[PDB]
Structures are given as C-alpha cells and as structure tokens.
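Taking it in order: structure first as structure tokens, then the write-up.
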Amino acid sequence: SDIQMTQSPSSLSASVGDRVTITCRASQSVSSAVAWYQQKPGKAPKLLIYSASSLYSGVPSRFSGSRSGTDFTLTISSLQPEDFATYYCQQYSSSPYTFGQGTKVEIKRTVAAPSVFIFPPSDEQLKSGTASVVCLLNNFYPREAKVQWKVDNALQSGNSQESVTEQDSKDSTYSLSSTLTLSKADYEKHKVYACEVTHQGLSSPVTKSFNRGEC
Amino acid sequence: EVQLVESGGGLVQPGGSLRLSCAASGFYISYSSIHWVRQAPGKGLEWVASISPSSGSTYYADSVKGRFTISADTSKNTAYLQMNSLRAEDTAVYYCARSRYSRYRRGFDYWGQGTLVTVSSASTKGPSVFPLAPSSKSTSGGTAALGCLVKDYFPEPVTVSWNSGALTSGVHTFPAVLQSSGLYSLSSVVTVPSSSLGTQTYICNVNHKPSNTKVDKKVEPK
RNA sequence: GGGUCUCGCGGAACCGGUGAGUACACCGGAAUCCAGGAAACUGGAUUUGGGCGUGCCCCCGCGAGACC
C-alpha cells in the first residue's frame with residue numbers, strides 16, 4: 001500500500017538561535033530512503049538531507065537528520081532568519097514517492113510597528129472608469145494587523161482586499177497592501193480618503209490620508 | 001553544473017491537452033531518472049510520474065494514470081509530460097526533478113523552478129499597469145514609497161522588475177489576489193530615498209507572458 | 001591447442017564517496033580467515049567486473065553445437 005509520510009507539526013514559530021525540530025512518521029518502513037527538502041515561497045524545493053541523515057553538499061551544518069525505525073527527525077540547531085520556509089520529508093523507498101504534508105517554519109522576532117503610506121488612484125486609471133486606493137503597511141512584525149478605510153469618515157466594508165508578503169529572509173518582517181476599489185463615480189463624490197492602521201507596535205492607531213486632488 | 005528548465009505550461013480549458021518539456025543540462029539524462037512533481041496552489045508536493053531513460057521504464061501516480069504520459073528524448077536531453085483530459089485539480093506548478101538510484105540514492109537532488117498549469121474556462125487577459133505615485137504631502141523619515149498597480153490580468157504569473165533590473169533593494173511585489181471579477185491584481189512597491197525622486201527615474205517593468213503584455217511604466221511624483 | 005555466430009554455466013555481501021560516459025577508472029567504510037579476550041571487539045593476513053529507480057543489459061571467463 002502507498003506509503004504515507006505523516007509529518008508534524010503543521011506550523012511552528014521560533015526565535016533566531018533556537019532549535020527547530022520537525023518529525024515525520026513513515027507508515028510502513030522506508031529503510032532510510034527519507035529525504036528532507038526546504039522550499040522557500042515561490043522557489044523550487046532544495047534537498048537538505050538524504051538517506052535520513054546525510055547532509056547534502058552545500059547545506060549548512062545546522063541542518064541534520066535522524067532515524068529511529070519509522071520515525072524521522074529534521075533538526076535546525078540554530079535557527080537563522082533565512083531558514084524561514086516550508087520543510088518536507090519524502091520517502092524514496094518505493095513509488096509512488098510520497099511527501100509529508102509540510103511544516104511552515106515562521107521566525108519570531110521583536111515587535112516592529114509598520115510604516116504606513118497611502119496612494120491615490122492615478123489619473124490614468126480614472127480614465128478607465130475605476131478607482132483603486134492603495135494603503136501600504138511596510139516592514140512590521142507580527143503579521144496580525146487591522147486596516148480600515150474611511151471615506152469622509154464613513155467606514156468601508158466589502159470593497160477592499162488585502163495581500164501580505166512572505167516573511168522577509170533578512171529582518172523577518174511582513175508587508176501588507178490594502179486596496180480599496182470604487183467606481184470613478186463614487187470616487188469623485190467624496191474628498192477625504194483615509195487608511196487607519198492598528199497593530200501591536202503602534203501605541204494608538206495610525207491614519208494616513210489624502211484629499212482627492214493634490215498635485 | 002546541473003540545470004533543469006521546465007516549459008510549456010499555461011492556461012488550458014477543462015478537458016484540454018498540454019505538453020510540458022524539461023530541458024536538462026550539466027548531465028546526461030540517460031544516466032539518471034527524471035520526475036514530474038506538481039504543487040497545487042497553496043498545497044503540498046505530489047509526485048506524478050518518473051522516467052529512467054537507460055531503462056525505458058516509466059512510473060505514474062494513480063491520480064494521473066492514463067491521462068498523463070512521461071517520455072524522454074535522449075538526443076535532445078529533455079523529458080516531457082503529456083497531459084490529456086485535464087481537470088481543475090490538475091492546476092498546479094509542475095516541477096521537474098532529477099534522481100539517481102545506481103550511483104547514489106539522494107532522492108530528488110535537483111529541481112527546476114516549475115511551470116504553472118492553469119485549468120480554467122476563463123481566457124487570457126493582459127494587465128493594466130497604473131503608477132502609485134509618491135504621496136505629494138510626505139512619507140516616512142527621509143524615505144519615500146512608490147509603486148505600480150498591475151490590475152485585471154489572467155492567468156498568473158506576471159513579472160515585475162524595477163529600473164530594468166537595476167533596482168531590487170526595498171522592493172515588495174505582493175502576491176496576486178483574485179478579485180471578485182475573477183481577474184488577478186497585484187502591486188509592486190519600493191521605498192527609496194526621498195532625495196532620489198528628483199534625480200532617479202523609477203520605471204516598473206511588467207511582463208505578462210500569457211498575453212504578450214510588456215509595459216514599462218514611469219512612476220513620477222504627482 | 002586458433003578465429004567467427006548461437007546456445008548453456010559462471011564472475012563474495014553490505015554502505016558510502018570521487019573522476020568519466022557508457023557499461024570504465026578509482027578511494028573509503030567493511031567483510032572473510034586466523035590468533036586472542038567474558039566481551040561491543042582487538043591484532044595479523046586477505047578479499048568482490050560494470051551500467052541503469054532494479055530486472056534487464058554491457059563486458060569478461062569456461063563449456064557445447066554450427067561455420068571457417
């Protein structure tokens with residue numbers, strides 16, 4: 001029966017210099033044909049450990065692997081910011097080659113308050129018939145942040161989406177963009193556009209705003 | 001050293017066909033095995049097929065049995081994935097990966113960067129590229145922020161560089177979001193010294209290969 | 001007692017690694033035998049053709065039949 005690799009934990013958060021431990025339980029005896037991969041977001045997975053304990057050439061020594069029967073363990077002895085990634089076990093004992101479900105390792109660091117910016121819609125876009133208002137939250141930690149748009153003190157709902165970056169490989173921060181979408185018609189009905197950011201490293205919420213029409 | 005380059009992915013209607021290619025260099029595939037591994041967006045890794053050229057043997061995951069055939073051309077040193085009767089669950093990045101078993105046994109020791117296969121009845125559409133001009137009032141501490149809004153494109157992906165590759169420090173290109181319309185829209189932003197706004201020209205270079213849409217957008221203060 | 005084809009019988013085990021690209025060239029663990037110890041072992045001497053996700057192939061040797 002198709003060997004099933006059961007990987008835990010699903011995700012964890014750890015500080016720089018900490019020991020991260022990821023485990024993988026083969027359902028039916030792969031002997032040592034277990035490999036460990038690091039996949040940074042949107043990049044190709046990279047082989048770290050093969051044959052359950054052999055450190056692949058080029059990989060730093062803080063990565064290691066062990067086997068105790070069907071229980072396989074990847075260990076990062078001193079976690080570094082660039083080790084932010086998803087890690088996978090795989091067995092290559094026999095086809096189908098099966099992978100663990102993955103472990104998302106997040107780096108925990110000090111609180112960083114966001115830097116906030118607001119961008120009015122371009123005159124070029126206005127001509128097309130729609131208005132996009134963008135708020136940027138730059139280089140903050142932790143990821144939990146609340147962004148609310150106000151249009152002449154009226155709060156907006158259902159007309160905005162957020163997108164968040166992946167954790168930075170050097171300073172472990174996130175960045176966030178909020179995009180408010182109005183009709184040209186609606187955009188030209190109001191004057192004050194405001195982005196109100198709440199986050200842990202901000203003592204009180206920060207507002208960035210513009211008045212429609214500022215050369 | 002060793003390289004793998006996937007190609008041939010893109011947008012296909014349900015039931016459609018697609019033929020992936022994997023171009024290998026730095027090694028002869030006749031002395032290795034080549035695998036296809038796919039990653040549905042936001043999910044994990046799933047092996048689908050492998051081929052060993054100096055054995056002819058092919059192996060397939062049950063999820064692709066009969067619809068996919070893996071093949072190789074030793075003279076061209078490339079491998080192929082032929083996908084028939086595609087379905088929405090086949091939407092994924094398809095990675096190409098190398099393994100050996102006789103000389104060493106190191107798993108999939110090298111991976112390509114993947115090609116995206118999107119199965120949808122929606123059509124190809126090129127983005128609108130609008131500038132995000134540095135606020136005319138003020139910014140954060142001697143540093144300004146500006147960017148580019150890449151709106152209403154399909155399918156993924158698009159590329160955004162700054163200043164024809166000269167500007168990388170401080171860039172955030174956000175991950176796309178599917179708007180309610182069913183089209184993607186992202187922004188790329190960069191922080192720069194405020195004193196550069198009158199001395200450095202910032203252009204974002206947007207390339208949406210599915211629709212052959214290349215925009216070089218100048219981002220100026222308003 | 002020779003040369004060529006076909007058939008038959010063969011060419012220690014395990015785990016790594018290095019150059020080569022074919023089916024080769026290597027380096028280590030190690031194992032085997034002997035001696036010793038209660039002992040994981042310790043000495044001494046010796047030791048295996050190769051390719052490739054692996055059940056097929058290359059090479060080599062011996063035998064048999066056919067052809068010279």
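Letters A, B, ... go to the chains of the structure tokens in the order shown; residues in each chain start at 1; ligands are counted from 1 in the same order.
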
Selection: 12 Å around residue C:18, only C-alpha atoms (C1' of nucleotides), excl. self and same-chain fewer than 6 positions, as a PyMOL selection string:
(chain B and resi 103-104) or (chain C and resi 25-28)

Using N, CA and C atoms (P, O5', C5', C4', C3', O3' and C1' of nucleotides), can you write the selected residues to a file as a PDB file, in the first residue's frame?
ATOM      1  N   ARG B 103      24.175   5.027  -8.860  1.00  0.00           N
ATOM      2  CA  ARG B 103      25.435   5.621  -8.428  1.00  0.00           C
ATOM      3  C   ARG B 103      25.290   6.179  -7.020  1.00  0.00           C
ATOM      4  N   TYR B 104      24.353   7.099  -6.823  1.00  0.00           N
ATOM      5  CA  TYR B 104      23.915   7.460  -5.486  1.00  0.00           C
ATOM      6  C   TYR B 104      22.399   7.273  -5.381  1.00  0.00           C
TER       7      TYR B 104
ATOM      8  P     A C  25      38.141  -0.936 -15.412  1.00  0.00           P
ATOM      9  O5'   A C  25      38.678   0.482 -14.922  1.00  0.00           O
ATOM     10  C5'   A C  25      39.610   1.217 -15.698  1.00  0.00           C
ATOM     11  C4'   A C  25      39.992   2.494 -15.005  1.00  0.00           C
ATOM     12  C3'   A C  25      40.329   2.364 -13.535  1.00  0.00           C
ATOM     13  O3'   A C  25      41.632   1.868 -13.316  1.00  0.00           O
ATOM     14  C1'   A C  25      38.875   4.191 -13.835  1.00  0.00           C
ATOM     15  P     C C  26      41.938   1.038 -11.982  1.00  0.00           P
ATOM     16  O5'   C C  26      42.082   2.176 -10.885  1.00  0.00           O
ATOM     17  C5'   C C  26      41.409   2.081  -9.641  1.00  0.00           C
ATOM     18  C4'   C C  26      41.208   3.450  -9.053  1.00  0.00           C
ATOM     19  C3'   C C  26      41.034   3.509  -7.548  1.00  0.00           C
ATOM     20  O3'   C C  26      42.269   3.434  -6.860  1.00  0.00           O
ATOM     21  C1'   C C  26      39.346   4.799  -8.564  1.00  0.00           C
ATOM     22  P     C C  27      42.432   2.516  -5.544  1.00  0.00           P
ATOM     23  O5'   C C  27      41.867   3.470  -4.414  1.00  0.00           O
ATOM     24  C5'   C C  27      42.273   4.828  -4.386  1.00  0.00           C
ATOM     25  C4'   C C  27      41.456   5.619  -3.405  1.00  0.00           C
ATOM     26  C3'   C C  27      41.152   4.924  -2.096  1.00  0.00           C
ATOM     27  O3'   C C  27      42.264   4.950  -1.217  1.00  0.00           O
ATOM     28  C1'   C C  27      39.175   5.922  -2.925  1.00  0.00           C
ATOM     29  P     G C  28      42.326   3.955   0.036  1.00  0.00           P
ATOM     30  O5'   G C  28      41.106   4.494   0.886  1.00  0.00           O
ATOM     31  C5'   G C  28      40.364   3.639   1.711  1.00  0.00           C
ATOM     32  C4'   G C  28      39.237   4.393   2.347  1.00  0.00           C
ATOM     33  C3'   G C  28      38.503   3.574   3.372  1.00  0.00           C
ATOM     34  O3'   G C  28      39.215   3.582   4.596  1.00  0.00           O
ATOM     35  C1'   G C  28      36.948   4.591   1.916  1.00  0.00           C
TER      36        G C  28
END

Produce a table with one row for each residue of chain A that has an atom at most 12 Å from any atom of chain C, each row naming the nearest atom pair and its distance in Å at one decimal; use only C-alpha atoms (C1' of nucleotides); arrange rows by chain and rising residue number; format as a Markdown table.
| residue | atom | partner | partner_atom | distance |
| --- | --- | --- | --- | --- |
| A:32 | CA | C:15 | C1' | 11.7 |
| A:51 | CA | C:16 | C1' | 10.8 |
| A:54 | CA | C:16 | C1' | 10.0 |
| A:57 | CA | C:17 | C1' | 11.9 |
| A:92 | CA | C:53 | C1' | 9.3 |
| A:93 | CA | C:53 | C1' | 9.6 |
| A:94 | CA | C:53 | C1' | 8.6 |
| A:95 | CA | C:53 | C1' | 9.0 |
| A:96 | CA | C:53 | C1' | 11.4 |
| A:97 | CA | C:53 | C1' | 11.0 |

How would the residues just picked look written out with C-alpha atoms as a short mmCIF file (atom, residue, chain, number, x, y, z; two decimals), in the first residue's frame?
data_model
loop_
_atom_site.label_atom_id
_atom_site.label_comp_id
_atom_site.auth_asym_id
_atom_site.auth_seq_id
_atom_site.Cartn_x
_atom_site.Cartn_y
_atom_site.Cartn_z
CA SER A 32 16.50 5.13 5.27
CA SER A 51 19.24 8.79 3.31
CA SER A 54 23.34 12.52 5.20
CA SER A 57 26.58 19.03 -0.22
CA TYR A 92 12.01 7.39 -1.92
CA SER A 93 11.99 3.75 -0.84
CA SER A 94 9.39 2.92 -3.48
CA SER A 95 6.99 4.54 -5.89
CA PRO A 96 4.75 6.35 -5.51
CA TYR A 97 7.23 8.65 -3.83
#

Please find the residues of chain A near chain B - the criterion being any atom within 6 Å, counting only C-alpha atoms - and write them as a ChimeraX atom specification.
/A:44,47,50,101,119,165,215

Save out the residues we just selected, N, CA and C atoms, as a tab-separated table (two decimals), in the first residue's frame.
chain	number	residue	atom	x	y	z
A	44	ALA	N	11.87	26.74	-6.00
A	44	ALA	CA	11.95	25.29	-6.10
A	44	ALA	C	12.43	24.69	-4.78
A	47	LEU	N	17.04	20.11	-1.78
A	47	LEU	CA	17.38	18.95	-0.96
A	47	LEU	C	18.35	19.35	0.15
A	50	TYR	N	19.49	13.59	2.74
A	50	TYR	CA	19.05	12.38	2.08
A	50	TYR	C	19.51	11.20	2.92
A	101	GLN	N	3.01	16.35	4.57
A	101	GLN	CA	2.13	17.47	4.26
A	101	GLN	C	2.82	18.82	4.41
A	119	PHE	N	-1.79	55.83	-1.33
A	119	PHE	CA	-1.57	56.15	-2.74
A	119	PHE	C	-2.93	56.44	-3.35
A	165	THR	N	2.98	40.06	2.26
A	165	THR	CA	4.18	39.43	1.75
A	165	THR	C	4.52	38.22	2.61
A	215	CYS	N	-2.05	67.86	-6.29
A	215	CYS	CA	-0.92	67.86	-7.23
A	215	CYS	C	0.40	67.59	-6.51

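Going from atom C1' of residue C:43 over to atom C1' of residue C:16, you cover 25.7 Å.
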
Name all residues at most 8 Å from residue C:59 (count only C-alpha atoms (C1' of nucleotides); drop same-chain ones fewer than 6 positions away) and give them as a PyMOL selection string.
chain C and resi 23+49-50

If we count only C-alpha atoms (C1' of nucleotides), which residues of chain C reach to within 9 Å of chain B? Please list them as a ChimeraX atom specification.
/C:16,21-22,51-54,56

Do you have the atom CA of residue A:179-atom CA of residue A:82 distance handy?
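Taking atom CA of residue A:179 as the start and atom CA of residue A:82 as the end point, the length is 29.1 Å.
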
Would you give me, as a PyMOL selection string, the residues in chain A that DSSP reads as strand (DSSP E or B)?
chain A and resi 5-8+11-15+20-26+34-39+46-50+54-55+63-68+71-76+85-91+98-99+103-108+112+115-119+130-141+145-151+154-155+160-164+174-183+192-199+206-211

For the selection you just gave me, I'd like the residues written to a file as a tab-separated table (two decimals), in the first residue's frame, keeping C-alpha atoms.
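Final file, part06.tsv:
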chain	number	residue	atom	x	y	z
A	5	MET	CA	4.53	10.04	5.48
A	6	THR	CA	2.84	11.77	8.43
A	7	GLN	CA	4.66	14.99	9.22
A	8	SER	CA	4.25	17.16	12.32
A	11	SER	CA	3.50	25.02	11.56
A	12	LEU	CA	5.67	26.44	14.31
A	13	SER	CA	7.20	29.73	15.31
A	14	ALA	CA	10.69	30.01	16.79
A	15	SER	CA	13.30	32.66	17.53
A	20	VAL	CA	13.62	23.72	15.50
A	21	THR	CA	12.57	20.06	15.40
A	22	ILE	CA	10.40	18.55	12.66
A	23	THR	CA	9.34	14.92	12.62
A	24	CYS	CA	7.95	12.57	10.01
A	25	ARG	CA	6.45	9.12	10.62
A	26	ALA	CA	6.64	6.61	7.79
A	34	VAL	CA	13.87	9.54	3.50
A	35	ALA	CA	14.87	12.95	2.18
A	36	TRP	CA	14.23	16.43	3.63
A	37	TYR	CA	13.58	19.48	1.48
A	38	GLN	CA	13.46	23.22	2.15
A	39	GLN	CA	11.00	25.17	-0.03
A	46	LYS	CA	16.02	22.24	-2.25
A	47	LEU	CA	17.38	18.95	-0.96
A	48	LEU	CA	18.87	19.21	2.57
A	49	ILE	CA	19.15	15.66	3.93
A	50	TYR	CA	19.05	12.38	2.08
A	54	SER	CA	23.34	12.52	5.20
A	55	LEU	CA	23.83	16.28	4.90
A	63	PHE	CA	20.73	21.06	9.42
A	64	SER	CA	20.74	17.39	10.42
A	65	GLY	CA	18.60	14.25	10.23
A	66	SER	CA	17.99	11.16	12.37
A	67	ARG	CA	16.06	7.89	12.06
A	68	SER	CA	14.55	5.69	14.84
A	71	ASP	CA	10.35	7.96	12.97
A	72	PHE	CA	12.46	10.55	11.10
A	73	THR	CA	13.56	13.90	12.55
A	74	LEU	CA	14.89	17.04	10.89
A	75	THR	CA	16.66	19.43	13.29
A	76	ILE	CA	17.80	23.01	12.74
A	85	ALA	CA	10.49	28.21	4.68
A	86	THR	CA	8.31	25.12	4.37
A	87	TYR	CA	10.14	21.84	5.02
A	88	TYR	CA	9.10	18.45	3.62
A	89	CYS	CA	10.00	14.89	4.32
A	90	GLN	CA	9.83	12.44	1.46
A	91	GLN	CA	10.34	8.70	1.22
A	98	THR	CA	5.23	10.31	-1.10
A	99	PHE	CA	5.80	13.54	0.79
A	103	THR	CA	5.83	22.26	8.05
A	104	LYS	CA	5.74	26.06	7.78
A	105	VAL	CA	8.51	27.48	9.96
A	106	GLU	CA	7.98	31.14	10.90
A	107	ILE	CA	10.66	33.25	12.57
A	108	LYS	CA	9.58	35.01	15.77
A	112	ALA	CA	8.09	46.07	14.60
A	115	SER	CA	5.36	52.30	8.23
A	116	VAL	CA	2.13	53.41	6.52
A	117	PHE	CA	1.66	55.02	3.08
A	118	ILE	CA	-1.43	55.90	1.06
A	119	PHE	CA	-1.57	56.15	-2.74
A	130	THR	CA	-12.44	52.72	-11.85
A	131	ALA	CA	-10.51	54.00	-8.83
A	132	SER	CA	-8.07	51.93	-6.79
A	133	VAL	CA	-6.84	53.36	-3.48
A	134	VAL	CA	-3.84	51.52	-2.03
A	135	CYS	CA	-2.57	51.53	1.53
A	136	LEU	CA	0.84	50.04	2.29
A	137	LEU	CA	2.00	48.66	5.64
A	138	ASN	CA	5.74	48.26	5.39
A	139	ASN	CA	8.13	46.05	7.39
A	140	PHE	CA	6.22	45.22	10.57
A	141	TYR	CA	6.07	42.30	12.99
A	145	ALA	CA	-2.70	43.89	11.55
A	146	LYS	CA	-6.08	45.52	11.00
A	147	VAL	CA	-6.58	48.05	8.19
A	148	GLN	CA	-9.80	50.04	7.87
A	149	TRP	CA	-10.66	52.51	5.10
A	150	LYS	CA	-12.70	55.66	5.81
A	151	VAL	CA	-14.23	57.83	3.04
A	154	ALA	CA	-17.64	56.67	6.58
A	155	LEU	CA	-16.15	53.23	7.11
A	160	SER	CA	-11.24	46.08	-0.16
A	161	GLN	CA	-8.80	43.15	-0.34
A	162	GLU	CA	-5.50	42.61	1.45
A	163	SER	CA	-2.32	40.90	0.29
A	164	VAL	CA	0.59	40.16	2.62
A	174	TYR	CA	5.97	41.33	6.76
A	175	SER	CA	4.50	43.93	4.47
A	176	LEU	CA	0.86	44.41	3.69
A	177	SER	CA	-1.14	46.13	0.98
A	178	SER	CA	-4.80	47.12	1.23
A	179	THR	CA	-6.62	48.07	-1.99
A	180	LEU	CA	-9.91	49.99	-1.91
A	181	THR	CA	-11.93	49.80	-5.16
A	182	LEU	CA	-14.57	52.43	-6.01
A	183	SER	CA	-16.30	53.48	-9.19
A	192	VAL	CA	-11.14	62.56	2.36
A	193	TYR	CA	-9.67	59.09	1.85
A	194	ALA	CA	-8.11	57.63	4.98
A	195	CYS	CA	-6.27	54.42	5.85
A	196	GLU	CA	-6.35	53.60	9.59
A	197	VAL	CA	-3.78	51.01	10.70
A	198	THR	CA	-3.88	49.17	14.00
A	199	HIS	CA	-1.01	46.93	15.00
A	206	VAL	CA	-2.16	55.47	12.73
A	207	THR	CA	-4.11	57.21	9.97
A	208	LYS	CA	-2.73	58.16	6.56
A	209	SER	CA	-4.99	60.16	4.29
A	210	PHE	CA	-5.25	62.38	1.24
A	211	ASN	CA	-7.75	64.87	-0.13

Quote the spacing between atom CA of residue A:128 and atom CA of residue A:185 in Å to one decimal place.
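Interatomic distance, atom CA of residue A:128 to atom CA of residue A:185: 11.7 Å.
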
Once DSSP has gone over the backbone, tell me which residues of chain B are in helix (DSSP H, G or I), as a PyMOL selection string.
chain B and resi 29-31+88-90+194-196+209-211

Write the residues of the preceding selection, restricted to C-alpha atoms, as a short mmCIF file (atom, residue, chain, number, x, y, z; two decimals), in the first residue's frame.
data_model
loop_
_atom_site.label_atom_id
_atom_site.label_comp_id
_atom_site.auth_asym_id
_atom_site.auth_seq_id
_atom_site.Cartn_x
_atom_site.Cartn_y
_atom_site.Cartn_z
CA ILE B 29 19.51 12.15 -18.56
CA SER B 30 20.24 8.67 -19.96
CA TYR B 31 22.23 8.06 -16.76
CA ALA B 88 -9.20 21.74 -12.36
CA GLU B 89 -7.45 19.53 -9.80
CA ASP B 90 -4.55 19.37 -12.28
CA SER B 194 13.22 60.95 -0.91
CA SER B 195 16.14 62.90 -2.34
CA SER B 196 16.22 60.49 -5.27
CA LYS B 209 3.83 36.36 -20.99
CA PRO B 210 0.42 34.61 -21.43
CA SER B 211 -0.91 37.70 -23.27
#
